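Any read-out appearing in this document is the output of simple, stated calculations on the displayed coordinates, not a laboratory observation. All Cβ positions, even for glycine, are placed from backbone atoms using ideal geometry, and neighbour counts span all protein chains on display.
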C-alpha cells in the first residue's frame with residue numbers, strides 16, 4: 001500500500017459518465033489504457049490538454065503523480081532485527097547469525113564448548 | 001542465650017519483607033510468571049539453570065580417613081541409594097531449579 005508515485009488523472013465530472021458525448025467517452029477510454037499501460041520505456045511521454053480556467057486561475061485537466069508529505073514514524077527494519085536476535089537468544093542459537101567463531105566449538109569434551117552445544121548435552 | 005531475635009517481618013505468618021505489594025507471595029508468583037515471559041529474563045535465568053544441571057554429583061569421604069574401608073563402603077552405599085531413588089538425581093536437580101524463579105524451593 002505504498003501508492004507514492006501512482007498516476008492520478010483529474011477530469012471534469014462531465015467527462016466521467018454514460019450520457020457524455022462520444023468524444024468525451026472516447027477520451028475517458030484512452031485515459032484508461034494510459035493508466036493501464038504506462039511504463040518508463042524509451043518512448044515514454046505525454047500530450048495532455050491544458051486549459052487554465054479564467055475563473056479560479058487553476059487548470060482543469062492534470063496528469064500528476066500522487067505525492068506524500070510525511071515519512072513513516074518507526075523504522076520497521078531495525079525493529080524486526082531486534083526481535084530476531086531476542087528469539088535466537090532465547091534458544092541460545094546465536095551461532096546461526098554470528099557464525100562459527102575461532103574460539104567456540106561444538107565438542108563436548110573440548111574445554112571451549114559452545115553454549116548451544118552444551119544445551120544438547122543436557 | 002539468644003537475648004535478641006532476628007525478627008524479619010512476622011506480619012501474619014506471611015513474610016512481609018518486600019515493601020512492594022506486587023512482589024509478595026500472594027502476587028509474587030504471578031509477577032514472576034509475567035517477568036519470566038520476557039525473553040532476556042528467561043534466557044538469563046535459563047543459563048544459570050543450565051549451568052547447575054550440567055554438573056554431576058558423587059559422594060566422597062572427608063579430607064582425612066578417605067582410606068578407611070567403612071567410609072568407602074558408606075560412600076558406595078550413599079551413591080547406590082542416590083541411584084535407588086524413584087526420581088533420578090538429575091530430576092531432583094530439575095525440581096530444585098525452581099530455585100531461580102522464586103528464591104526458595106521446599
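Here are the numbers for this structure:
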read-out: Set A:33, A:18: member being in a helix (DSSP H, G or I), surrounded by fewer than 11 Cβ atoms within 10 Å (Cβ to Cβ) and either more than 14 Å from chain B (Cβ to nearest Cβ) or in contact (Cβ under 8 Å) with a residue 12 or more places away in the chain (or both); value: A:33
read-out: Residue match in region A:38-53 (condition: free of Cβ contacts under 8 Å to residues at least 24 places away in the same chain and either surrounded by 11 or more Cβ atoms within 10 Å (Cβ to Cβ) or more than 35 Å from the chain's Cα centre (by Cα) (or both)); value: yes
read-out: Which numbered condition residue A:63 fails, given (1) surrounded by 10 or more Cβ atoms within 10 Å (Cβ to Cβ); (2) under 32 Å from the mean Cα position of the chain (by Cα); (3) in a helix (DSSP H, G or I); value: (3)
read-out: Tally, over region A:65-115, of residues that are touching a strand residue (DSSP E or B) at 6+ places or on another chain (Cβ under 8 Å) and either without any contact (Cβ under 8 Å) to a residue 24 or more places away in the chain or within 11 Å of chain B (Cβ to nearest Cβ) (or both); value: 6
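For every residue, the table says whether it meets (1) part of a helix (DSSP H, G or I); (2) within 26 Å of residue A:108 (Cα to Cα); (3) within 14 Å of chain A (Cβ to nearest Cβ); (4) in contact with a helix residue (DSSP H, G or I) (Cβ under 9 Å, 6 or more places away or on another chain).
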| position | (1), (2), (3), (4) |
| --- | --- |
| B:12 | no, no, no, no |
| B:18 | no, no, no, yes |
| B:50 | yes, yes, yes, yes |
| B:58 | no, yes, no, yes |
| B:94 | yes, yes, yes, yes |
